[PDB]
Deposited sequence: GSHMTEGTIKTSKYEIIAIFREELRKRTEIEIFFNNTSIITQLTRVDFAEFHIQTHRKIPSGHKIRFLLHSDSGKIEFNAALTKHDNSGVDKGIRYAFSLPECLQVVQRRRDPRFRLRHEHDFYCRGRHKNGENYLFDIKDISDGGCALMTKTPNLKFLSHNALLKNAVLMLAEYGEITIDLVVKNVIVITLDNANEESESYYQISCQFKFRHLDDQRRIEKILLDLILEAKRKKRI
């Protein structure tokens, strides 16, 4: 375009490449999110098709990863899938290659995907495990990417890391029901002391079946967030 600056959304391949090369040169901090974890590092290489980072951590593959480039111009958020990985022979670290993003969004706000919203609503998740056993969970918090489920009587063998809860149903009161697949990410036991009660919290990632399902979730979020703000 004719202006110096214009879009918070970048889709031009040439601009995107140009932006990565510049941030590389400025040693801009890149933040990588996966599951529970966030690491800060720098871009180690930029070419026409891919960008590299190096880290000793294991990062899930075959899945789009959330990034944040903490540029001077604002946070540049994008998703990118891992294409290659091996040992970059620096303290024997791992060199990851990611495909260049095809869309960038410059935001001034830090949108940490690891955070989930607490609420007052009567939301539950019901379904059957692989062996036909019924389960029920309280939906304690929720984001557009996942939720925390809670129960005092978990069937732990079906809740291992990356275990899949297929055909799980989100009972969302006034918002209706949403059948979805959940990927178990993390299980912790929270104990309240005052007699003692232990609650199991299972953190899950949504595997949506349609955009319509995600949009419904996003509308609920906007309602919950608004409610939470009005609560201050």
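Coordinate coverage of the deposited sequence breaks at 195-197, 236-237, these segments carrying no C-alpha atoms.
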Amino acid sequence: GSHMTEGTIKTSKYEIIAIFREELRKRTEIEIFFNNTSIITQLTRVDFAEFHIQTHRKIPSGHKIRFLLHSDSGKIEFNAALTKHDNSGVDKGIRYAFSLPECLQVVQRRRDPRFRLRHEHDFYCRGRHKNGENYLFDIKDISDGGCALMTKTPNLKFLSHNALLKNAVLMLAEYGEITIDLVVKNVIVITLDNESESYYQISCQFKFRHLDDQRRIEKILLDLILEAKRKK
From here on, numbers count along this sequence of modelled residues.
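When the mean C-alpha temperature factors of 82-90 and 69-77 are read from the deposited coordinates, 82-90 comes out higher. Higher mean CA temperature factor, per the PDB entry, when comparing 94-102 with 147-155: 94-102. Highest CA B-factor among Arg126, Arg111, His129, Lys140, as stated in the entry: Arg111. Going by the entry's values, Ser196 shows the largest Cα B-factor out of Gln42, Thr179, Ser196, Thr55. Per the PDB record, residue ranking by Cα B-factor puts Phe48 in the highest third of the chain. In this PDB entry, the Cα temperature factor of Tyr200 sits in the bottom third of its chain's modelled residues, the lowest group. Placement of the Cα temperature factor of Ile190 within the chain: lowest third of the modelled residues, per the deposited record. Among the modelled residues of its chain, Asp212 has a C-alpha B-factor that falls in the highest third, as given in the PDB entry. Ranked within its chain, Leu164 lands in the middle third, by CA B factor from the PDB record.
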